[PDB]
């Protein structure tokens, strides 16, 4: 038993982590085949990061203005090209450690592992959710731009995130690996703020099921509710509407436990209106919403 925020093993990402230096800006790049992906702000000087002309600053850069470094191996930079808000540095060496990979764009609600990295050195891995407002609540320090988020399914790494910047509120923002930002953010120094956040109801329901599957059942009650009666309580406490597809998605989990989706809603609704009265669920005093239904199933096979 047990249930922990768990991240995929990072070994396959670790051998793609490299370090990129243009002038005195240093960050991390991703090394796939003979291309190295890095935030395009590595080309910006600390005096040019307010409203920068990226198309203009890149041309000036020659290849030798880019220092790429995988561990202590130097990589020749043979070409440079703009991939939206990221940069594709062509190198002379294909990464001998390139994993089977794909780039996918996640939707809000979905989760992924993050491999915190600094100066091309990975430092730690942990599990994040793409919030409804397209930020993520991670732990990135200065120079961690270029750390990536990935899901690993069987053997194929799906890269879904590349960290770019911190919002003035402490949350983080980045692009997919095709260089397109998540949400309404730009890679300039403006007064961007995260949209107002909301809780991801399906993930809480999923995690409630994970609690039941592990023998935490004190919150279960005899009431039941209509989707719409629930969703109006959901609106009140800043929670996303639950849709029929969510209820479909919660199907498998509802059958492994034999607790109707709408019966669990009745528990969640009680918990939002009255609180937990000093109890905890799966070790937490708060409702956790960064576990997808698929994530619950990984640690709780039906068997």
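Numbering follows the first chain given and starts at 1.
Two stretches are in play, 238-246 and 35-43, and the higher mean C-alpha B-factor belongs to 35-43. As the entry records it, the average C-alpha temperature factor is higher for 273-281, out of 273-281 and 259-267. Highest C-alpha temperature factor among 253, 30, 27, 57, as the PDB entry reports it: 57.
The entry lists C-alpha B-factors for 148, 167, 205, 129, and the highest of these is at 167.
In the PDB entry, residue 177 places in the lowest third of its chain by CA B-factor.
Looking at the C-alpha B-factors along this chain, the one for residue 77 belongs to the highest third. In this PDB entry, the Cα temperature factor of residue 217 sits in the middle third of its chain's modelled residues.
Residue 227: CA B factor lies in the lowest third for its chain, per the PDB record. Among all modelled residues in its chain, residue 209 ranks in the lowest third by Cα B-factor.
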